[PDB]
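Residue numbers (our numbering): 7 to 666. Note that beta-carbon positions come from the ideal geometry of N, C-alpha and C, so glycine has one too. Okay, structure first, notes after.
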Ligand SMILES: [Fe+3]
């Protein structure tokens, strides 16, 4: 009945092989068009510059390049995915100025669900009309106090075709260079000891998109006239990869500490180009190019019980980030054609000895939870410190004290009410990994620049009597000292700096209602937001790039589904409709290369779907779907407004999964 979370068993009844399709019933997240990292993400209209994907509680905030979205995990690795729309209190961790996607990798215990034994094999296959094929396999089990798992998954997707009316630069229906060969695996071993009180989990996960991909992944190929032509978009072979090595600890009843949760991880993002020759951003490195972002981090979270219903929570977060290119290239630095200035400038850039940019985030927090007779009060405090070192070796540091509090009030067994007022900070992000080389100039940080500081406020209610269900939230957010890294990535300027450049206001709401009577499930959801960026700098420093957000149109979703008892079988309808949207995220208007009058056409997608459980149980699903049944030609709103990447046209899908 809840659209904000999807569980594993739910996903086994589903035919989708990426997050955007998996979460399409949740209205306050929106995805852009295109495949893999073509996709930008928004939460309440706010972009990946602000919203993190945390998997097993490991996450970074750096990007590869402003023309592509931050990597979004492959759902076949996860036992559960949540959207926390809100933020969270003092113990949410580093940078939680907005909500997040939260995901946890799958477990032996999870894969074992269907079965009457301690070991197992899983096989899946999928076929998609528009257009691709997927298969994988998984082995897992538990013995003595150990659990272990190995999973392999591959989704080979061809170029997809848009809905009725869209044409290619060469007259065809498909989206050029939208093919990716997607591979992922997971190795996991865990142990439970200390008379069942202590648990250790060690895991390694790879997730790799490989294919023929444009310079700027957010665009395809337009005709020879447009800035988007075949030699300007210049598609070589590329491999983009997320990796994650995680060590997780969990203790209960450890003296005066009631619960301890700890984790240490390494997180790598790599970009491999076969030939970056015709890619200016990467510096036209001829042949093989490798860019890497490494994130090391550590979290310790403690809970001590102070009275029968009063918990004290305290802990530490440390995160280190390192951008690491193949090689610096500020040597090749060049300005086009007072130009006396240019010359003193090329000179400057050439004499610079560049090094790997780094960012350390440290946090400590304390939080109290007091609960009495259906009324819960949470109050809390964080100290956030950061250190940023740019590729020019310059170091800037700041710290903040962040208070937060909230209440949950439950007067009655069907109803509950919540609100909160949280402060949180986010430290400047490092400039695009792919430009770190310096060819286009030095990217520094001005003296004394501060963390963006967010004030989040919200109220909501929740109602559920086993048959009707309903939920609502209203939220407000101010972000002060919004950071702007230097926005123009074309153009060669000698020294430019990240600064506090203005402030951000956003407000809006979501509603959900549902009805479930033996077999029949009905759901509706609506969500609307209003992110607005204000420049407080003479130079208007803020930008309308999708990484930041977009004014999405009011989004409505709905589904209707019936589960039969004979056979075990569910048929369903699902739709997402988004209304006409008007306006930039920027108050001062956004501009071409001149003032753009932004309007995003509205559109409606319908899907039908089926899930057939032939053995009367969860070990074999045969699923069938038809997505975008009317073959609606449209463009998602979470992306630029000039007609970039369409949403997939009618797609038909059949997937099977089988544990035994
Ligand atoms: Fe560009």
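Between residue i and ligand 1, is there a pair consisting of the residue's CB and a ligand heavy atom that are separated by less than 7 Å?
i: residue 495; result: yes
i: residue 222; result: yes
i: residue 418; result: no
i: residue 443; result: no
i: residue 73; result: yes
Exposed or buried, which one is residue i when buried takes at least 16 other CB atoms within 10 Å?
i: residue 115; result: exposed
i: residue 403; result: exposed
i: residue 18; result: buried
i: residue 342; result: exposed
i: residue 149; result: exposed
i: residue 586; result: exposed
i: residue 243; result: exposed
i: residue 580; result: buried
i: residue 598; result: exposed
i: residue 62; result: buried
i: residue 357; result: exposed
i: residue 543; result: exposed
i: residue 523; result: exposed
i: residue 474; result: exposed
i: residue 81; result: buried
i: residue 289; result: buried
i: residue 643; result: buried
i: residue 41; result: buried
i: residue 125; result: exposed
What does a CB cutoff of less than 6 Å around residue i pick up in its chain, not counting 5 residues either side in sequence?
i: residue 590; result: 550, 596 and 604
i: residue 189; result: 160 and 214
i: residue 270; result: 253 and 304
i: residue 458; result: 432, 485, 487, 488 and 489
i: residue 334; result: 360, 443 and 444
i: residue 297; result: 277, 331, 439 and 440
i: residue 547; result: 490 and 507
i: residue 29; result: 35
i: residue 540; result: 508, 509 and 593
i: residue 560; result: 534 and 585
i: residue 162; result: 138, 139 and 187
i: residue 94; result: 102
Spatial neighbours of residue i within its chain, please: CB distance less than 8 Å, with the 5 preceding and 5 following residues excluded, ordered by chain position.
i: residue 91; result: 10, 34, 49, 50, 105, 479, 481 and 516
i: residue 264; result: 258, 309, 310, 311 and 317
i: residue 387; result: 96, 371, 372, 373, 407, 408, 409 and 410
i: residue 324; result: 303, 304, 305, 366, 367, 368 and 369
With a CB to CB cut of under 7 Å and the five nearest residues on each side skipped, what residues in its chain are close to residue i?
i: residue 199; result: 151
i: residue 425; result: 412, 413, 464 and 465
i: residue 233; result: none
i: residue 67; result: 58, 101 and 435
i: residue 380; result: 415, 416 and 417
i: residue 399; result: 361
i: residue 241; result: 183, 218, 219 and 220
i: residue 203; result: 257, 258 and 259
i: residue 321; result: 97, 305, 306, 307, 308 and 371
Heavy atom of ligand 2 less than 7 Å from the Cβ of residue i, yes or no?
i: residue 664; result: Of the ligands one can find in the structure shown, namely ligand 1, none is ligand 2.
When you compare the CB of residue i with every CB in chain C, is at least one pair closer than 8 Å?
i: residue 39; result: Absent from the structure is chain C; it holds one protein chain and no more.
Item to check | Secondary structure, beta strand (DSSP E): runs of 3+ residues fully inside the region 296-356 | outcome: Considered as a whole, the region 296-356 harbours 316-331 as its complete beta strand (DSSP E) runs of no fewer than 3 residues, in chain order.
Checklist entry - Which whole runs of the beta strand (DSSP E) in the region 439-468 are 3 residues long or more, in chain order? => result The region 439-468 contains these whole beta strand (DSSP E) runs: 448-451.
Checklist entry - Which runs of the alpha helix (DSSP H) spanning at least 4 residues fall entirely within the region 48-125, listed in chain order? => result For the region 48-125, whole alpha helix (DSSP H) runs of length 4 or above, ordered along the chain, are 114-117.
Next on the checklist: Give the list of continuous beta strand (DSSP E) stretches no shorter than 3 residues that lie fully inside the region 371-435.
Outcome noted: With a minimum length of 3 residues, the unbroken runs of beta strand (DSSP E) contained wholly in the region 371-435 fall at 381-395, 401-418 and 421-432.
Item to check | Whole beta strand (DSSP E) elements within the region 533-568, 3-residue minimum | outcome: DSSP runs (the beta strand (DSSP E)) wholly in the region 533-568: 538-541.
Item to check | Minimum length 3: unbroken beta strand (DSSP E) runs contained in the region 242-307 | outcome: If we require 3 residues or more, the beta strand (DSSP E) runs fully inside the region 242-307 come out as 243-260 and 263-279.
Item to check | alpha helix (DSSP H) segments (min. 4 residues) lying fully within the region 462-538 | outcome: Counting whole runs of 4 or more residues, the region 462-538 contains no alpha helix (DSSP H) stretch at all.
Checklist entry - Whole alpha helix (DSSP H) runs in the region 22-46 with 4 or more residues, listed along the chain? => result Runs found: 25-28.
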